[PDB]
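First comes one chain, alone, set out as structure tokens in the form deposited in one PDB entry.
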């Protein structure tokens, strides 16, 4: 007995970045995962391949291998639901732990190579292939939301701006005026990709939810 669908992301008619997963949420925990995966039909003109990942008992996402093509249509069907969305430009951000840089390219054209400070060795930025999950002009960075008491040495509580969520577990790209001196030279954050206010603002204005963010 199959659980009903609660929602699909992206929403119908959205224009998303090229690493946006198709996320299907169900009304109950899923017991037969293979049946749910077979039920999810994703179609795109370039026949992009990919794989399912179970990120909650009732949530599965399909992650496209090597990104969607830019400016393409994607159809999604599951049970009684059908929808369509599109991709926009391929706007790729590469955060380099060794180079201390965040490099953003649009459709192969490099737009900015920005000074960045990533996580210090004890509180590192995770290597991986991620996407922009949200845009928040202002956000409270609270160390308790990554498991660190405020009074501990790695504790922090502050308001940051131009915040783009990179991971489900709290890595952001954001404006970090306090670390401008380290940006381009040293990795001194608690895991976030620290940019200057002006570079963070530029990126924040350019970025779309779904846009790829690679940490290397």
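Take the two forms, find the largest set of C-alpha atoms that superpose within 1.5 Å, and that set is the rigid core. Residue numbers count along the first chain shown, from 1.
- Relative to one another, 180 to 188 and 166 to 174 have unequal mean CA B-factors, and 180 to 188 is the one with the higher figure.
- In this PDB entry, residue 63 carries a Cα temperature factor that places it within the middle third of its chain's modelled residues.
- Compared with the other modelled residues of the chain, the Cα B-factor recorded for residue 138 ranks in the highest third.
- Ranked against the other modelled residues of its chain, the C-alpha B-factor of residue 108 as given in the entry falls in the highest third.
- Per the PDB record, residue ranking by Cα B-factor puts residue 42 in the middle third of the chain.
- Residue 121: CA B factor in the highest third of modelled residues in this chain (values from the PDB entry).
Keep in mind that the form deposited in another entry is missing from the display, and what follows is about it.
- For residue 145, the Cα coordinates differ by 2 angstroms or more between this form and the one not shown after the core has been superposed.
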